[PDB]
Amino acid sequence: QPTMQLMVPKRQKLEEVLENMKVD
Amino acid sequence: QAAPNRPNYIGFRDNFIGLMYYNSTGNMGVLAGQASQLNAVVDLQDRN
Amino acid sequence: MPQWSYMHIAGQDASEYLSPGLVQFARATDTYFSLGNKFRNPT
Amino acid sequence: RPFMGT
Amino acid sequence: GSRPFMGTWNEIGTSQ
Amino acid sequence: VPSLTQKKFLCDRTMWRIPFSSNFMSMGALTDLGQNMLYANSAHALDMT
């Protein structure tokens with residue numbers, strides 16, 4: 001019943017809605 | 001009549017919770033060298 | 001002593017009466033699935 | 001094989 | 001291997 | 001007198017958990033399903049009620 005997906009929304013260059021590392 | 005009065009024990013919380021301004025980025029601490037004084041503890045506000 | 005061999009009453013232990021493979025499965029999978037309590041190790 | 005974690 | 005006559009499993013196992 | 005049974009489930013001083021993982025088991029800390037090719041390799045929003 002592999003209810004498959006097929007759809008991956010990423011974003012050209014391919015970063016996914018994200019958030020980076022906070023530095024001091 | 002009379003009665004006793006319900007006990008109300010007052011006392012500082014477990015491991016002194018809520019006495020060091022944790023996690024409130026409005027008033028955080030700092031542990032930085034007497035140097036480029038850039039704070040070294042950038043605490044989030046949504047992390048408890 | 002063939003009777004106390006193929007009931008594992010007093011004979012070989014688990015680590016060497018399994019296959020060279022099933023011991024690997026039982027020693028790799030021991031954090032989620034435990035194939036260690038089934039078999040008998042005799043003393 | 002190939003499983004456990006570390 | 002030079003005093004194996006101890007609780008044993010298949011090898012003189014209980015030797016510690 | 002005829003009686004009807006009730007049942008509470010009092011469980012306090014603990015948090016509920018739902019390990020994000022294939023078989024709901026703690027076989028690690030970086031879950032096997034939080035590392036897969038459909039979650040850690042694809043964007044996803046969610047909504048829970």
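What follows draws every value from the coordinates through simple rules; no lab data is involved. Reconstructed Cβ throughout: ideal geometry from the backbone, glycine too, with neighbour counts over all protein chains shown.
Under the rule a/c < 1.5 gives rounded, and otherwise a/b versus b/c splits prolate from oblate, where does chain F land using the Cα gyration tensor?
Since a/c reaches 1.5 and a/b is larger than b/c, the shape of chain F is classed as prolate.
Report the extension gain between F:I18 and F:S42 in nm, rounded to one decimal, defined as 0.36 nm multiplied by the number of residues separating them, less their alpha carbon distance.
Here the answer is 6.5 nm.
Report the paramagnetic label zone for C:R40: residues of chain E whose backbone N is under 16 Å from a point 7 Å from Cα along the Cα-to-Cβ axis.
Within reach of a label on C:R40: E:9-10.
Taking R0 as 22 Å, what FRET efficiency do you get between B:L44 and F:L30 from their Cβ-Cβ distance, rounded to the nearest 0.05?
0.60
Note down the nm distance, to one decimal, between modelled labels 7 Å out along Cα→Cβ at B:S36 and at F:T5.
Distance between label points: 7.0 nm.
If you put +1 on each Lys and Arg Cβ and -1 on each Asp and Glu Cβ, how big is the dipole of the protein assembly as shown around its Cα centre, in Debye rounded to 20?
It comes to approximately 460 debye.
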